[PDB]
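The chain below stands alone and is given as structure tokens, in the form deposited in one PDB entry.
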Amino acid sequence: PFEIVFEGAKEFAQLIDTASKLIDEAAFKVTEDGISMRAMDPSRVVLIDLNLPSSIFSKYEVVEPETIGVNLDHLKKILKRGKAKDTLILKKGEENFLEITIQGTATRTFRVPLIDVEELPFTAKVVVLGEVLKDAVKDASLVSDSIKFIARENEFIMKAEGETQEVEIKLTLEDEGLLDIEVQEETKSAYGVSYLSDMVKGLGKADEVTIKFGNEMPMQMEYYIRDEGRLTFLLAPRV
């Protein structure tokens, strides 16, 4: 069916690690154009959409298109064996088995059984640095389990208050953190910090994150893996 090679096994491990913090089971659609995966977290709050085009792979050969289901927690522990300079080879041919090869000084091939997996009018859009978003969520985690997103004409505010203390992060476009802001009407919404904590991990300091959300509306978070691999989250608002 296919032979797929990814340079930098550790970074691919982190990518799967990030997803594994929200999902445990997922089906990967392997086509001629790339690898796509759409899964949902157990609490049905987060929709994860991962798109890995062939351009981010050193070698991409798919003889026949196929959808495979893997255990991300199982897959993660194997991918963590790879170093930063290691080469990752994803081979599939034994009908119901996935070959995971970590190639560095030597060639180490894992053999994993495949499993059966069952397969918005945003009024505010902002583009923020991954660092700022990461720090803001962690800050909110100290004071509350809930973080509020506020977007005005020329300012973006992330605010969280608890029983005793409070944290607030304001961005006004003239700052380094905020790169772009497109707001139609004043937009307020609150989300679970615990969820945002998991989907914010793996973010680089230079990563550009696009956030779309509305009043009492789910938010869409999107950034790119190696500039071509798209990772999109759809987070439901806090009840």
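Note that the rigid core is defined as the largest set of C-alphas that superpose within 1.5 Å between two forms. Quick note: we count residues from 1 along the sequence shown, nothing fancier.
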Residues of the deposited chain absent from the coordinates between residue 99 and residue 100 total none
Looking at the deposited entry, does 211-219 or 16-24 carry the larger mean Cα B-factor? 16-24
Looking at the entry, does 56-64 or 199-207 show the higher mean C-alpha B-factor? 199-207
For the listed 35, 183, 47, 190, which has the peak Cα B-factor recorded in the PDB entry? 183
So where's residue 135 on the chain's Cα temperature factor ranking, which third? lowest
Quick one: classify residue 43 as lowest, middle or highest third of the chain based on its Cα B-factor. lowest
What third of its chain, lowest, middle or highest, does the C-alpha temperature factor of residue 31 fall into? middle
Considering only modelled residues of the same chain, in which third does the CA B-factor of residue 165 rank: lowest, middle or highest? highest
Place residue 144 in the lowest, middle or highest third of its chain's C-alpha B-factors, as listed in the PDB entry. middle
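Note that the form deposited with a partner chain bound isn't included here; everything after this is about it.
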Which residue among 209, 30, 46, 52 has a heavy atom within 4.5 angstroms of the partner chain in the entry with it bound? 46
Give a yes or no for residue 228: in the entry with it bound, does one of its heavy atoms lie within 4.5 Å of a heavy atom belonging to the partner chain? no
At the 4.5 Å heavy atom threshold, is residue 237 in contact with the partner chain in the entry with it bound? yes
Close approach of residue 195 to the partner chain in the entry with it bound, 4.5 Å, heavy atom: yes
4.5 Å heavy atom contact, residue 16 and the partner chain in the entry with it bound: no
Look at the stretches 52-60, 37-45, 180-188, 22-30 and give the one with heavy atoms within 4.5 Å of the partner chain in the entry with it bound. 37-45
Considering only 66, 180, 61, 49, single out the residue whose C-alpha is displaced by at least 2 Å between the shown form and the other one after superposing the rigid core. 180
Would residue 203 count as moving between the shown form and the other one, using a Cα shift of 2 angstroms or more after superposing the core as the test? yes
I want to check residue 109: does it shift between the shown form and the other one by 2 Å or more at the Cα, with the core superposed? no
Please determine whether the C-alpha atom of residue 153 is displaced by 2 Å or more between the shown form and the other one following superposition on the rigid core. yes
